[PDB]
Amino acid sequence: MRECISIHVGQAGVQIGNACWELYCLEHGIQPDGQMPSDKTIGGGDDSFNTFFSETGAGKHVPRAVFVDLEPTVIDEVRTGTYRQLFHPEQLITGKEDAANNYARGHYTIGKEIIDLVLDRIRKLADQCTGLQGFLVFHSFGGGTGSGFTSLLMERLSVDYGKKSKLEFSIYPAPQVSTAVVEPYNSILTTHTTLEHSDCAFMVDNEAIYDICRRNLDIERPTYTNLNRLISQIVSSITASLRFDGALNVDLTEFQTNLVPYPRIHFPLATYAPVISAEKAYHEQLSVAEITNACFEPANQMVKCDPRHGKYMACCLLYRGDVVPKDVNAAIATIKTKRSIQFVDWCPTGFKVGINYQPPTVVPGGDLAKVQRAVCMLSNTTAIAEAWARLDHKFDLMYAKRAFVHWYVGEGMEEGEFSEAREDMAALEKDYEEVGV
Amino acid sequence: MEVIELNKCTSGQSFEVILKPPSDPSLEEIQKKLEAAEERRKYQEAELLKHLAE
Amino acid sequence: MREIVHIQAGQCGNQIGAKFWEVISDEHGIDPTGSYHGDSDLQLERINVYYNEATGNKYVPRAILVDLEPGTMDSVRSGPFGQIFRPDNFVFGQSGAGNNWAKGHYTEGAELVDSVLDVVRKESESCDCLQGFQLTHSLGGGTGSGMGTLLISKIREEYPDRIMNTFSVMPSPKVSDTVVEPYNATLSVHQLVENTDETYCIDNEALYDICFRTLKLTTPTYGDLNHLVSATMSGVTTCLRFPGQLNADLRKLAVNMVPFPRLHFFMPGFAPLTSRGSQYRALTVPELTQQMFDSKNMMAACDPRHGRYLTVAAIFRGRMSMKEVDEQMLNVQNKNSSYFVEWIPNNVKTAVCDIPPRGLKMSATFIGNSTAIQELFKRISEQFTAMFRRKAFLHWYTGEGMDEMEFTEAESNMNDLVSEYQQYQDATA
Amino acid sequence: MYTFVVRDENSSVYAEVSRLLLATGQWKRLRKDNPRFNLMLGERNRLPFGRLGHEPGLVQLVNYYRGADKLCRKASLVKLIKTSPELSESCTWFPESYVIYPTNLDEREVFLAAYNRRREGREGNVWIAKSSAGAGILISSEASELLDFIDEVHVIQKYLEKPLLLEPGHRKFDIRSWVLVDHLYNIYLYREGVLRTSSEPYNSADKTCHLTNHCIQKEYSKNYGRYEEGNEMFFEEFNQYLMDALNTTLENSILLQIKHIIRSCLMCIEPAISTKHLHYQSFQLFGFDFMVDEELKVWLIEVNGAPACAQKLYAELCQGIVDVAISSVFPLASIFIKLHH
Ligand SMILES: CC[C@]1(O)C[C@@H]2CN(CCc3c([nH]c4ccccc34)[C@@](C(=O)OC)(c3cc4c(cc3OC)N(C)[C@H]3[C@@](O)(C(=O)OC)[C@H](OC(C)=O)[C@]5(CC)C=CCN6CC[C@]43[C@@H]65)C2)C1
Ligand SMILES: Nc1nc2c(ncn2[C@@H]2O[C@H](COP(=O)(O)OP(=O)(O)OP(=O)(O)O)[C@@H](O)[C@H]2O)c(=O)[nH]1
Ligand SMILES: Nc1ncnc2c1ncn2[C@@H]1O[C@H](COP(=O)(O)OP(=O)(O)CP(=O)(O)O)[C@@H](O)[C@H]1O
Ligand SMILES: Nc1nc2c(ncn2[C@@H]2O[C@H](COP(=O)(O)OP(=O)(O)O)[C@@H](O)[C@H]2O)c(=O)[nH]1
Ligand SMILES: [Ca+2]
Ligand SMILES: [Ca+2]
Ligand SMILES: [Ca+2]
Ligand SMILES: [Mg+2]
Ligand SMILES: [Mg+2]
Ligand SMILES: [Mg+2]
């Protein structure tokens with residue numbers, strides 16, 4: 001058994017992490033106080049769920065998680081939340097004043113004063129690990145803490161844990177819910193400094209989640225709680241192979257092996273189906289072929305883009321529920337003749353498949369209906385570079401006039417880091433176009 | 001159309017379906033960039049306090 | 001906690017500042033004696049931003065009252081909420097400033113400034129994490145204009161890492177007839193360009209026009225004018241006093257609204273425009289949205305259609321469809337996309353607070369960083385130059401030790417500010 | 001008030017579409033880099049499709065189908081018809097073509113295998129080499145001279161040695177059809193086509209009488225404008241010639257094959273380019289170019305993704321674009337034949 005440590009940075013990372021650990025407890029049958037009645041080895045063990053939970057002599061199952069926010073009002077919600085007994089205060093780290101939507105303020109000014117405390121609290125969890133695989137890092141692209149402190153933390157993690165894997169869950173900015181004009185700046189700054197330190201990063205565009213909530217859940221004005229419950233379902237599907245018995249994506253290294261042939265191109269596109277409103281008294285349960293075909297519809301992707309106008313490098317199908325390999329192989333055959341699925345020449349046109357018989361768990365009272373079978377597709381397609389192009393264009397429009405740049409220079413950052421980050425992004429777009437066109 | 005490496009257990013199963021064959025900086029360098037930025041802040045604040053003293 | 005320290009200086013600053021505390025005390029359920037009597041926990045969630053808590057569960061405004069004459073501050077103490085302020089936070093002299101910026105900034109005000117900074121220091125020391133300061137004052141007089149900008153410069157020396165925000169009342173010949181107000185205002189604007197992060201331009205010219213033309217107030221008083229100021233100040237600080245996601249502190253507001261450090265002068269706007277004692281017909285979300293962008297609702301006498309918006313903040317208050325608000329806000333940007341700069345994507349931010357102001361089912365507050373504000377500074381600059389080209393009335397200022405060169409530099413800085421707005425109005429992507 | 005941007009100044013068709021939209025009083029033109037548009041009349045190359053459909057509260061439409069270049073390039077078209085089962089290598093209405101890369105960089109050996117079968121079989125063995133980088137075309141019978149010219153990406157297809165020749169003149173021609181595909185992937189054929197005729201007699205044994213291009217017929221050709229104005233014969237005159245000289249009609253002898261080829265091409269690429277379940281919508285105007293042989297068989301030559309119109313038909317075609325492709329998405333306040341499928 002090999003442990004994984006989750007790190008939640010900034011408001012987005014902390015509020016999504018709260019939704020994930022709530023869902024993890026419902027999936028594994030862990031009570032709000034940390035008691036897991038189905039766990040028979042009290043105070044220890046090496047089950048598959050122990051990769052995410054440690055155990056105390058009294059039978060409390062404690063998340064291997066650290067929450068960091070440069071301002072305390074969001075983490076205070078965890079300290080007094082429903083699952084407050086799960087965490088001990090050593091795992092919850094707060095500052096006094098946030099990064100004010102300023103990458104430079106979170107990375108240089110305020111990050112330097114809390115980076116040593118965060119690493120110490122991380123080291124305390126690592127010492128309880130017999131075989132640490134690495135880290136799962138939850139953060140936003142747009143905030144000052146989520147962008148600035150995360151990139152600082154990832155550089156230090158690569159130094160103190162040079163052999164451990166590091167995976168990202170990153171919230172891509174969307175104006176429909178964004179709270180800062182400089183979020184294109186923060187996104188490109190943090191992507192430039194984190195790129196060489198991340199092994200695999202799952203981007204989630206708030207625009208895609210917002211519209212899925214409006215379209216499929218009939219929510220007129222989705223809140224963060226609406227978006228985070230859906231995001232936790234996608235994250236749960238992605239991490240299920242680490243917390244349950246299985247053979248696909250059983251360790252963090254296998255994520256990079258199965259999805260990332262080129263190290264810089266480590267942003268797999270996630271697609272999830274089905275998303276059904278719980279307000280419907282009855283809904284026709286979709287078949288294996290229907291949910292698998294929906295994985296190639298842009299309206300179900302976590303980032304809006306057109307994979308028809310790109311090339312695949314890898315593709316994984318992660319099913320949960322009433323699914324048997326026979327129906328999967330038939331759906332793939334039907335889809336291959338109807339869809340424009342192009343792989344790169346140096347890769348086999350194939351699909352790695354994982355099935356977990358336990359159906360998806362939903363939060364009681366939430367917006368998502370219980371389904372008998374669901375699937376999350378993880379495909380590394382060059383079409384996700386459309387999101388980099390959108391981000392780089394907004395960057396270019398503002399940087400051409402140096403708008404807001406003085407806020408970053410005033411925190412100690414040099415104007416050359418802007419252009420250096422942007423040239424790295426221009427090289428990233430060039431890599432994508434070479435592989436996919 | 002070939003299914004390979006079918007692994008099974010009690011909580012599920014996994015396999016691969018092939019449809020067609022194929023055709024870091026050190027801690028010293030980090031602290032030097034952090035302190036060089038803090039140096040630019042303190043210089044900017046010093047020029048402000050000099051300006052305000054005038 | 002992120003505390004704000006409020007300072008009000010001079011006659012206008014103390015009268016507008018007193019109405020501000022009167023209005024937000026009522027919004028937060030605080031009575032004239034400092035006791036909470038509200039029926040909602042949202043009133044107390046961020047109460048510490050503007051209030052200190054004392055023995056007996058008393059809430060004391062973190063406010064400092066400053067004047068070079070005791071007149072207005074005696075009127076405040078005997079006012080409706082006069083007993084709520086900390087008595088030791090009344091710092092006042094006896095000489096007055098004679099509507100003379102030089103007296104407020106260099107002679108009379110220098111004698112009193114150190115005792116003000118002592119009260120500031122005492123308030124700033126009992127703050128968990130001070131975010132910055134807000135000042136109310138006029139630019140046309142002597143104490144608020146001269147001593148107010150002296151205070152800003154000295155506070156910045158002691159707290160150089162904190163946000164400085166001002167509510168600055170611009171003078172107008174339609175309201176006052178003291179001939180030197182363009183001198184006092186020009187000298188002040190130079191100070192504000194350098195030493196504040198955000199300045200709300202409260203133009204007495206626009207307040208007069210709203211009261212006289214729109215509200216049909218044929219004999220306008222300062223109480224009429226300050227009614228508009230009170231509603232606007234409540235609206236632009238809503239995101240600081242209530243739970244919310246957008247512009248929740250002063251620094252995040254500045255990062256969103258200020259793309260270049262000198263262009264930090266905002267045009268406020270409000271809807272519906274109402275007089276004191278006047279509301280039968282409730283306003284719809286489309287009406288709020290069109291009115292808050294209407295030139296006639298701006299608290300600065302500048303035509304928004306003569307410039308371009310760099311950044312906009314919009315705050316809706318009351319129980320309404322947040323879906324419909326998004327639709328109406330998007331409609332304005334999509335139907336008037338020429339008046340927004342294209343090189344700042346998504347430069348319009350919107351917040352919604354469920355708690356409405358007193359006497360209104362729903363309201364909207366507009367905060368615009370528009371290049372059209374150059375019309376305000378051009379107006380002051382033309383009044384300044386008409387007198388200064390003959391050195392008219394200068395002896396009032398040289399008699400206090402000032403040199404003519406200091407006037408030339410203030411005039412040049414303000415004309416440079418106008419040029420800077422003009423270059424980002426013509427820039428293109 | 002709808003909004004649109006213009007990012008191609010050289011588009012004579014969409015310059016007029018822009019003029020019509022402004023004349024309605026319900027469309028306002030913005031700057032070319034203003035992202036808050038309803039309609040984009042985009043550029044020909046590197047149109048930023050990835051930036052469309054990401055504006056809250058805006059339904060966005062563009063006048064190009066992403067991926068339609070597969071049908072509108074010389075080498076792309078040949079590869080599409082050969083590798084698509086809906087079209088197949090046994091496609092009867094497309095001349096036998098082969099993609100030939102220059103030796104300094106393929107189907108060379110396959111091109112020679114079917115070439116020697118014609119020399120052995122005493123059959124007409126005349127081919128033509130061309131590419132998408134034209135104004136450079138060679139028409140030769142010896143394959144040794146064709147392959148040498150490409151090295152100096154091109155495609156080599158069979159040259160129609162027996163074309164339908166109009167009289168009087170004994171002259172060659174080609175047919176241009178204008179097709180509009182809307183956001184619903186409805187395929188609309190403009191009722192009016194044009195015959196870009198040659199003004200020189202066809203000599204089966206100089207490239208003036210063989211190439212029917214409007215620029216070449218106005219330069220190298222000496223009889224320009226003799227038989228018909230601008231070497232442009234319209235459908236009314238051509239239908240009358242087919243009735244008087246061949247006792248057939250344009251509809252029966254040619255148009256049925258034309259409508260069939262249009263449907264087959266656009267339906268083939270529909271799964272790859274449809275914007276049905278996409279965050280932005282596309283339409284596009286296509287220019288199909290056909291040849292007719294002496295047996296009244298229609299052959300497809302190429303498809304143009306950015307076609308130009310004839311002077312007489314600009315007003316009607318551009319108005320139909322607004323009605324069927326633009327105002328269908330953005331309603332205000334039939335010259336097409338719908339090819340059902
Ligand atoms: C909001 C504060 C305010 O009350 C606003 C005005 C003035 N002052 C003081 C009170 C006042 C006003 N008028 C007074 C006459 C005598 C004594 C006192 C007053 C006041 C008003 O209520 O009118 C009915 C007023 C005053 C003016 C006023 C409007 C006004 O209220 C309607 N003005 C627009 C100017 C004024 O100069 C002007 O340009 O009018 C076109 C105007 O001139 C004329 C011809 O009316 C006038 C009238 C006294 C003349 C000389 C200089 N001053 C400067 C401001 C202006 C005035 C209203 C403060
Ligand atoms: N999906 C989702 N997105 C969020 C959430 N909270 C914030 N965001 C997004 O994150 C971006 C803002 O960054 P934050 O995480 O809130 O800021 P921060 O990391 O706390 O950094 P600071 O500037 O110091 O506050 C915006 O794009 C928001 O839309 C959340 O709970 N769920
Ligand atoms: N296989 C073939 N058989 C007979 N004639 C052919 C032919 N290929 C081309 N031609 C002749 O060559 C002319 C020009 O060909 P082509 O259409 O490729 O040039 P082009 O594409 O640059 C002009 P446009 O873009 O308007 O189609 C045709 O109009 C036709 O007369
Ligand atoms: N809006 C408003 N303006 C005022 C008020 N009192 C004074 N003014 C304006 O302020 C300027 C005079 O400055 P004042 O504050 O009285 O002088 P000070 O005491 O030396 O600061 C003139 O332009 C007046 O029009 C007020 O209560 N409200
Ligand atoms: Ca156990
Ligand atoms: Ca590494
Ligand atoms: Ca004295
Ligand atoms: Mg935050
Ligand atoms: Mg006065
Ligand atoms: Mg062509």
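Computation of the quantities below employed the complete heavy-atom set of this structure, encompassing side-chain atoms and omitting hydrogens, waters and symmetry-equivalent molecules. Just so you know, ligand 1 is whichever comes first in the structure, and atom 1 is the first atom listed for that ligand. Letters A, B, ... are given to chains in the order of the sequence lines, protein chains preceding strands, and every chain is numbered from 1.
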From the options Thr145(A), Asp98(A), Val14(A), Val68(A), select the one whose nearest heavy atom is closest to atom 21 (O) of ligand 2.
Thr145(A)
Applying a heavy-atom cut-off of 4.0 Å, say which part of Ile171(A) lies close to ligand 2: side chain, backbone, both or neither.
side chain
Can you tell me if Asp174(D) uses its side chain to pair, donor with acceptor, with the backbone of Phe290(D) under 3.5 Å?
no
Proximity of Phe202(A) and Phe267(A) rings by center, below 6.0 Å
no
Heavy-atom proximity to atom 25 (O) of ligand 2, picking from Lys252(C), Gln11(A), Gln176(A), points to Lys252(C)
Show me which atoms of ligand 2 lie under 4.0 Å from any heavy atom of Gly10(A).
19 (O), 20 (O)
What do the steps show when you test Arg390(A) against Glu207(A) for side-chain contact (heavy atoms from CB on, under 4.5 Å), and what is the final call?
CA-CA 13 Å; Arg390(A) 290 162 54 214; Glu207(A) 183 196 57; 4.0 Å; yes
A student checking ligand 2 against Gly144(A) at a 4.0 Å heavy-atom cut-off should list atoms 21 (O), 22 (P), 23 (O)
Provide the number and element of each atom of ligand 2 under 4.0 Å from a heavy atom of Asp69(A).
20 (O)
Answer with side chain, backbone, both or neither: which part of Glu183(A) has a heavy atom less than 4.0 angstrom from an atom of ligand 2?
side chain
Just which atoms of ligand 2 are under 4.0 Å from any heavy atom in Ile231(A)?
1 (N)
Less than 6.0 angstrom separating the ring centers of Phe404(A) and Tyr185(A), yes or no?
no
Nearest-option assignment for atom 29 (O) of ligand 2, heavy atoms, candidates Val9(A), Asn101(A), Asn206(A)
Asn206(A)
Below the 3.5 angstrom mark, is there an N/O of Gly146(A), backbone or side chain, next to an N/O of ligand 2?
yes
Applying the ring-ring contact (aromatic ring centres under 6.0 Å, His included) criterion to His8(A), which one of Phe169(A), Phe67(A), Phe149(A) satisfies it?
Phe67(A)
Atom indices of ligand 2, in the order listed, that fall short of 4.0 Å to a heavy atom of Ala100(A):
23 (O), 24 (O)
Would you mind listing which atoms of ligand 2 come within a distance below 4.0 Å of any non-hydrogen atom of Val177(A)?
29 (O)
Provide the number and element of each atom of ligand 2 under 4.0 Å from a heavy atom of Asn228(A).
1 (N), 2 (C), 30 (C), 31 (O), 32 (N)
Validation row, ring centre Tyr159(D) to ring centre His210(D) under 6.0 Å:
yes
Heavy-atom proximity to atom 14 (P) of ligand 2 ranks first, among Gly142(A), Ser140(A), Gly95(A), for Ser140(A)
Salt-bridged, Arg214(A) to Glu220(A), with N to O below 4.0 Å?
no
Any idea which N/O/S atom from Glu302(D) gets closest to the Mg ion (ligand 10)?
OE2
Are any non-hydrogen side-chain atoms of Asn100(C) and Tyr397(C) less than 4.5 angstrom apart?
yes
